[PDB]
Amino acid sequence: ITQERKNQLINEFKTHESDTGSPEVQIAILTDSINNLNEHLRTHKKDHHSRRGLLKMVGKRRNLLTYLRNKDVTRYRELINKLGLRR
Amino acid sequence: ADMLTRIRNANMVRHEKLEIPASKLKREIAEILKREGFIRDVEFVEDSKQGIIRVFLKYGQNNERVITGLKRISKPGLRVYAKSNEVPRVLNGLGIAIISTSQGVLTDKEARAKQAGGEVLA
Amino acid sequence: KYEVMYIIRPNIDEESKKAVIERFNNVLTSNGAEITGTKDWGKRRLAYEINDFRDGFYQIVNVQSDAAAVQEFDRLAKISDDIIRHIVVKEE
Amino acid sequence: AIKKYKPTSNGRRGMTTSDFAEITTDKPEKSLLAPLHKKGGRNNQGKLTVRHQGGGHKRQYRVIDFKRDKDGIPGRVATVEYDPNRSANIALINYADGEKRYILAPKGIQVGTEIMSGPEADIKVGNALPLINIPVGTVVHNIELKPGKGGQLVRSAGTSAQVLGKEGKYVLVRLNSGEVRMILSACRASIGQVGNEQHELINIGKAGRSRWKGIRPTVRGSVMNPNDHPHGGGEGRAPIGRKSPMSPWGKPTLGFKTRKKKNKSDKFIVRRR
Amino acid sequence: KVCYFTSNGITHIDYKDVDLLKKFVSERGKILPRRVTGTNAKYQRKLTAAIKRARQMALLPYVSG
RNA sequence: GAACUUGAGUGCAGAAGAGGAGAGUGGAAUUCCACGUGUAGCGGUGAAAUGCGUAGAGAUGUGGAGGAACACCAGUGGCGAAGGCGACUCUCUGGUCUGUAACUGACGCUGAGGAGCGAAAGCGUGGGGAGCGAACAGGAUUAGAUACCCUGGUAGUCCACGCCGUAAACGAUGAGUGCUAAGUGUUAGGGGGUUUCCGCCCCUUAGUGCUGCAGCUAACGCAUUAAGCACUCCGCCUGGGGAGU
Ligand SMILES: [K+]
Ligand SMILES: [K+]
Ligand SMILES: [K+]
Ligand SMILES: [Mg+2]
Ligand SMILES: [Mg+2]
Ligand SMILES: [Mg+2]
Ligand SMILES: [Mg+2]
Ligand SMILES: [Mg+2]
Ligand SMILES: [Mg+2]
Ligand SMILES: [Mg+2]
Ligand SMILES: [Mg+2]
Ligand SMILES: [Mg+2]
Ligand SMILES: [Mg+2]
Ligand SMILES: [Mg+2]
Ligand SMILES: [Mg+2]
Ligand SMILES: [Mg+2]
């Protein structure tokens with residue numbers, strides 16, 4: 001467990017001090033879980049059930065990224081640079 | 001945002017009243033329906049949601065409704081825009097069509113007069 | 001948090017009994033475990049024979065390790081001729 | 001892993017090779033090399049006593065430590081190297097006291113791994129112990145038959161034997177062949193499968209590559225003449241045309257068992273392959 | 001019927017607690033049904049696990065008479 | 001453009017689970033091998049015979065080797081998108097449910113093509129091979145018997161990696177959302193009664209069943225887990241053959 005990743009990408013674009021539901025925070029946590037799960041699948045190549053989990057996370061993260069991009073174009077660009085995404 | 005099915009379903013089982021999530025046009029439909037004699041009153045409450053108040057349409061105050069056999073149909077997401085000239089009449093009278101206008105609604109005379117056919121109901 | 005129960009072969013002197021138990025405690029502690037409790041159930045009649053041993057000395061240990069320790073317990077417990085059974089259960 | 005070449009010529013079609021992924025250096029330890037001339041299958045009389053051996057690439061011998069007799073001194077795996085003299089790869093061990101030796105590279109072994117020999121060693125891949133010290137079910141390789149002589153059995157790429165049981169002076173061992181056999185419990189063995197397990201999958205691809213490995217063409221008996229082989233002669237092609245297929249020296253060569261009846265080792269062979 | 005675990009207020013069944021597990025096996029050693037014992041579904045799962053761990057390390061028998 | 005929190009997510013606190021991947025481990029039974037005891041049958045069928053047995057079978061006792069599947073628990077029980085998933089343990093890992101509403105503020109639904117997963121059989125390479133058993137052989141049966149029955153038995157069934165992409169892959173019922181009598185089981189929760197709990201009772205969420213209103217239906221039947229009343233999007237049908245050629 002890491003609230004580290006919360007308090008980092010809360011404060012970058014914080015609505016509240018104890019913001020949790022910011023797209024920033026969500027996308028960041030998704031990015032952390034995605035990347036963790038990828039390295040599981042490097043080892044456990046034929047864990048297909050878990051891999052469907054990955055594809056759902058990826059789809060959530062994409063949809064939240066498309067949401068920012070349409071909402072706040074600058075705020076989107078700051079998030080993808082810090083996480084190191086492309087889209 | 002379909003009050004009509006909510007009405008139909010309750011009307012079928014001769015319900016006394018029903019609580020429909022309120023919206024401006026669903027409010028403005030219920031009053032068009034009330035022109036006959038449904039709704040007695042509603043209870044506007046402290047707004048948390050934008051429609052928690054509901055419409056509280058009460059067409060069955062007594063055991064049996066004097067106005068029974070309520071029926072609607074023409075509500076598709078494919079948009080059906082009526083000409084002021086060619087506004088239909090439900091059952092050749094004995095039924096109304098809520099023709100959404102910029103300024104007007106209801107009968108055939110309230111089309112060439114009022115103008116925008118817009119939405120069309122039954 | 002893990003409980004490690006293990007049976008020792010009954011043909012064991014109390015000197016060599018301690019020698020086994022102290023070695024397998026050192027397997028845990030040296031590999032980054034903290035033994036947070038022990039227990040001795042003593043000699044018991046086994047429900048079924050194993051390795052021609054009708055009875056055996058049961059031996060519980062509780063640890064708060066991170067896996068690698070209690071993994072290293074197993075591979076040594078399997079190798080050893082003195083431990084006749086063992087389990088590792090995660091605690092609730 | 002096996003690297004498949006693309007069919008850029010008829011020679012290359014079907015040919016596959018090791019990727020040599022495990023190999024960590026290209027240069028052997030000079031102090032552990034010895035000269036090795038080819039022999040052409042010719043004995044001390046100068047006569048050809050084994051057929052189909054001849055030519056191939058020049059090779060230096062790497063002196064392998066099959067004995068594993070630096071007991072108690074730990075050794076660090078410094079390299080994994082190609083050895084042209086055998087199917088397995090070899091590992092240069094740097095011993096703590098500055099002695100360097102080569103061993104057979106077991107499956108798994110990594111540069112930096114510590115290895116250890118002797119009766120008070122762990123059952124880790126690359127260690128070597130007297131068989132009396134190795135638990136039942138342990139996969140082993142480089143098994144001695146005589147104490148101190150050095151490992152003779154189960155040395156080729158990917159091979160392995162399992163320890164089955166202990167009879168005091170003897171230990172039962174299932175050999176790679178599947179033969180179960182008694183081995184003196186004082187005989188050492190090395191822990192693990194021999195590496196380079198993919199060796200058998202190599203498709204040699206072309207005639208010339210066999211020639212690089214010192215194999216000369218095999219001529220079938222049935223295209224020789226009667227003075228050369230029992231299958232020789234006949235007009236046109238001929239079937240074997242004999243009670244049994246025969247060797248070039250007139251023994252039956254299909255099913256005929258050649259282990260010496262009254263072998264001394266028969267008492268130690270529990271189950272034949 | 002009444003559940004032994006729900007009634008007595010037991011929220012955790014040790015595999016090592018032998019005397020308890022002997023109440024929920026036959027003479028032969030077979031795990032007793034919910035119909036006979038009257039235990040809850042959740043505890044019957046927890047119990048079964050405990051039986052099977054016990055059998056692994058010879059606390060209880062697989063088969064015996 | 002500005003708001004909002006009911007949708008949809010996040011956080012926080014609980015819950016259950018044969019969800020998946022990897023490594024190790026256990027007991028029962030079958031088979032084979034060895035050995036002790038013992039001796040004429042065993043086995044099999046509708047009835048037989050081929051088989052296996054005096055080179056000592058079958059039975060019985062003990063030990064060894066090996067493979068596969070996990071009694072009891074076990075339940076219109078659970079989990080999973082479906083296919084599926086059932087000994088135990090650890091490692092890694094996916095989802096769901098409940099509660100709380102701190103946070104986000106339509107971020108949603110569906111989804112041709114595309115990509116992935118996908119029982120069994122089959123295929124490739126390399127393993128493994130107890131039991132079972134296409135083919136194949138023998139014994140019967142029969143008019144015949146290229147079957148059913150019997151005795152054997154190869155591939156295969158198992159493992160790793162790759163391929164194949166189909167099943168009455170079924171609820172013969174696409175997904176999402178809302179709405180529309182009741183009664184009764186059961187799985188995992190939650191809240192609240194008088195009560196010290198247990199227990200009983202009331203309420204409630206999400207599953208899983210049965211019965212049954214209205215409505216629907218050609219009928220059979222479906223019926224809050226709709227085949228009812230609605231809206232969105234996708235897939236598909238248009239007489240039988242010919243031909244899924
Ligand atoms: K070629
Ligand atoms: K030839
Ligand atoms: K010839
Ligand atoms: Mg030759
Ligand atoms: Mg010639
Ligand atoms: Mg001749
Ligand atoms: Mg001839
Ligand atoms: Mg001819
Ligand atoms: Mg299509
Ligand atoms: Mg298959
Ligand atoms: Mg195959
Ligand atoms: Mg048969
Ligand atoms: Mg089909
Ligand atoms: Mg099915
Ligand atoms: Mg179908
Ligand atoms: Mg979808």
Side-chain angles (χ1 to χ4, degrees), chain A residues 38-47 51, chain D residues 1-9 11-30 32-33 36 56-66 68 74-95 100-116 123-128 138-142 151 154-161 176 190-206 208-215:
Chain A
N38 273 300
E39 290 306 304
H40 168 66
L41 296 175
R42 297 295 167 67
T43 306
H44 301 266
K45 290 278 186 174
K46 303 181 63 56
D47 186 2
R51 180 174 286 107
Chain D
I2 296 297
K3 177 191 191 305
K4 312 196 81 172
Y5 290 122
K6 288 191 174 188
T8 53
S9 57
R12 222 79 195 281
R13 304 181 90 88
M15 181 179 301
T16 65
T17 176
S18 163
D19 65 359
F20 303 121
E22 326 98 319
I23 280 70
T24 75
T25 185
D26 58 341
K27 288 168 184 177
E29 177 49 62
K30 182 180 160 180
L32 298 175
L33 291 171
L36 193 73
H57 202 293
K58 184 169 170 113
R59 297 175 179 166
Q60 290 276 104
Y61 187 65
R62 292 90 210 272
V63 172
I64 312 313
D65 178 15
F66 291 117
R68 300 296 303 287
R76 195 195 71 98
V77 176
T79 68
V80 176
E81 304 193 350
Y82 184 77
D83 186 337
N85 306 299
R86 69 223 320 110
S87 61
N89 300 309
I90 61 172
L92 183 70
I93 311 304
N94 288 339
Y95 282 100
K100 300 192 178 201
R101 294 184 177 183
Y102 283 125
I103 67 157
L104 298 184
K107 183 186 167 179
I109 208 170
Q110 293 301 305
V111 174
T113 307
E114 293 291 315
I115 66 162
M116 181 65 83
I123 312 309
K124 297 289 191 174
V125 166
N127 290 350
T138 307
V139 168
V140 300
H141 68 280
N142 195 49
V154 190
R155 314 200 311 189
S156 195
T159 58
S160 56
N176 188 95
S190 187
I191 303 301
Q193 186 181 9
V194 178
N196 194 36
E197 186 179 4
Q198 304 208 28
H199 171 79
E200 65 193 351
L201 303 176
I202 290 166
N203 179 306
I204 280 74
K206 71 175 192 169
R209 186 157 175 229
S210 295
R211 312 303 311 293
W212 306 340
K213 309 164 66 52
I215 312 165

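Any value given below was found using the heavy atoms of this structure, including those in side chains, with hydrogens, waters and symmetry copies removed. Per chain, numbering begins at 1; letters A, B, ... match sequence-line order.
Annotation for D/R155 and D/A88: closest pair O-CB, 3.9 Å, computed over non-hydrogen atoms. Here the closest non-hydrogen pair linking D/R59 and D/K213 is NH2-O, 3.9 Å. Smallest separation of non-hydrogen atoms from D/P106 and D/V125: CB-CG1, 3.4 Å. The two residues A/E39 and A/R42 make their nearest non-hydrogen contact at OE2-NH1, 2.7 Å. Shortest non-hydrogen contact noted between D/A157 and D/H199 is CB-CB, 3.7 Å. Annotation for A/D47 and A/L41: closest pair O-CD2, 3.6 Å, computed over non-hydrogen atoms.
Counting heavy atoms from C-beta on, the side chains of D/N89 and D/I23 come closer than 4.5 Å. Using a 4.5 Å heavy-atom threshold, the side chains of D/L201 and D/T16 count as separate. Residues D/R209 and D/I202 meet the side-chain proximity criterion, which asks for heavy atoms closer than 4.5 Å.
The CD atom of D/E200 sits 10.0 Å away from atom OG of D/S87, with the distance rounded to the nearest 0.5 Å. How far CG of A/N38 is from OG1 of A/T43: 11.5 Å, rounded to the nearest 0.5 Å. Taking NZ from D/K30 and CD from D/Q60, the interatomic distance works out to 11.0 Å, rounded to the nearest 0.5 Å. Put simply, OG1 on D/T24 and CD on D/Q110 are 9.5 Å apart, with the number rounded to the nearest 0.5 Å. Atom OH of residue D/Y5 and atom CG of residue D/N203 lie 11.5 Å apart, to the nearest 0.5 angstrom.
At distances below 3.5 Å, at least one donor-acceptor pair connects side-chain atoms of D/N142 with backbone N or O atoms of D/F66. Checking side-chain atoms of D/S190 against main-chain N and O of D/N127 turns up a donor-acceptor pair under 3.5 Å. A side-chain donor-acceptor contact under 3.5 Å links A/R51 to the backbone of A/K45.
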### Task
Please step through side chain to side chain contact (heavy atoms under 4.5 Å, CB included) for the pair D/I2 and D/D19, ending with a clear verdict.
CA-CA 6 Å; D/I2 296 297; D/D19 65 359; over 6 Å; no
### Message
Using side chain to side chain donor-acceptor pair (under 3.5 Å), reason through D/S160 and D/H141 one step at a time and then give a plain yes or no.
### Response
CA-CA 5 Å; D/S160 56; D/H141 68 280; over 6 Å; no
### Task
Go through the steps to decide whether D/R68 and D/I115 satisfy the test side chain to side chain contact (heavy atoms under 4.5 Å, CB included), and finish with yes or no.
CA-CA 10 Å; D/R68 300 296 303 287; D/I115 66 162; 3.6 Å; yes
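Among residues two or more places apart in sequence or in another chain, the side-chain contact (heavy atoms from CB on, under 4.5 Å) test is passed with D/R62 by D/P28, D/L33, D/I64, D/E81, D/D83, D/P84, D/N85, D/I90, D/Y102. Not counting sequence neighbours, the partners of D/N94 by the side-chain contact (heavy atoms from CB on, under 4.5 Å) test are D/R76, D/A78, D/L92, D/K100.
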